[PDB]
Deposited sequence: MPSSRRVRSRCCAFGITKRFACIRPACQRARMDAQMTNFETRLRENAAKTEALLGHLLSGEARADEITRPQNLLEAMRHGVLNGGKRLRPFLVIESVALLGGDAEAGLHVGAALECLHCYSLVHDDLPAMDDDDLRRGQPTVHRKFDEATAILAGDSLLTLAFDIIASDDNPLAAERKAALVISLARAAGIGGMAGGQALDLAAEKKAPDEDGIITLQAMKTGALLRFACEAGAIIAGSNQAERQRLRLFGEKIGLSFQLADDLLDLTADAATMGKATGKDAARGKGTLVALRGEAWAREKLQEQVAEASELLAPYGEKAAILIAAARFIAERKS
């Protein structure tokens, strides 16, 4: 209860910090190497970011970085980058060709407020900007760590990650997947960005391999829990809840929170915020 308040409050704090930097990064002034920023496309990008939700992904980057003693400013920049990518994915998924949504969080979707062309280009531009934000000199982070993050984000986001998962998800609508197929498409469509968010803290902090693996694994448990909790919420069609039942799902959620917590045991009290996130997500 007090711990759940701890998470909710930090989620809102980190959301506000990330949003402030995002507003700055989406300002109308051309940067070095940019010719001009067309105002309509930029407004569409801002709209896409406005509709992006509660900023869990930046939260996880920021808090992974804090756990491991990395540079909070680098954490904020990488969180913003990751959020831009998350938001691009929603702008494209909302399109008529994909999920065909007129509304997102009570507001018109980007293609409805603008048009489909502008939505396509806004998502394309937000995906592109994510990489700019990570690699830019105003992200105070060594080049080797920037390169590692670019690789990690691209792998998590692309053919073998998020985008591939979306392809598998759409294919699942016409041809029902089996359990192994569901686990795979979920790990890609939603798990990979959450994995990346946590692993990124270790990359940013310059952690050893063991610690980077630990945070990756933690991120995998967060994503597994995120997916189950969401499918349970909707319940109360290729879903593990559908195949295995609600009782199985609720026990597996409980298990994943316990596993997540055990992974961060070695950090003691300093892991409380991330452990609270696991519990919030899972319930």
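Unmodelled regions of the deposited sequence, numbered from residue 1: 1-32, 269-285, 333-335.
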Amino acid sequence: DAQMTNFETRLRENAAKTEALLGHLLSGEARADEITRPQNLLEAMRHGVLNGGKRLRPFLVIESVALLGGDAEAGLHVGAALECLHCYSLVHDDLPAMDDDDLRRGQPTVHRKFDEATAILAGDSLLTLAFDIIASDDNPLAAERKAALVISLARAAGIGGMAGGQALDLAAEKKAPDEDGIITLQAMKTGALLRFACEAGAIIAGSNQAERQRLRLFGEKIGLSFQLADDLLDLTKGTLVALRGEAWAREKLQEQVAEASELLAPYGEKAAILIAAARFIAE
From here on, numbers count along this sequence of modelled residues.
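For the pair 157-165 and 100-108, the mean B factor over Cα atoms is greater in 100-108.
Higher average CA B factor: 166-174, of the stretches 128-136 and 166-174. Out of 257, 217, 62, 41, the entry records its largest CA B-factor for 257. Of the candidates 57, 250, 37, 46, it is 250 whose Cα B-factor is highest according to the PDB record.
Among the modelled residues of the chain, residue 207 sits in the highest third by CA temperature factor in this PDB entry.
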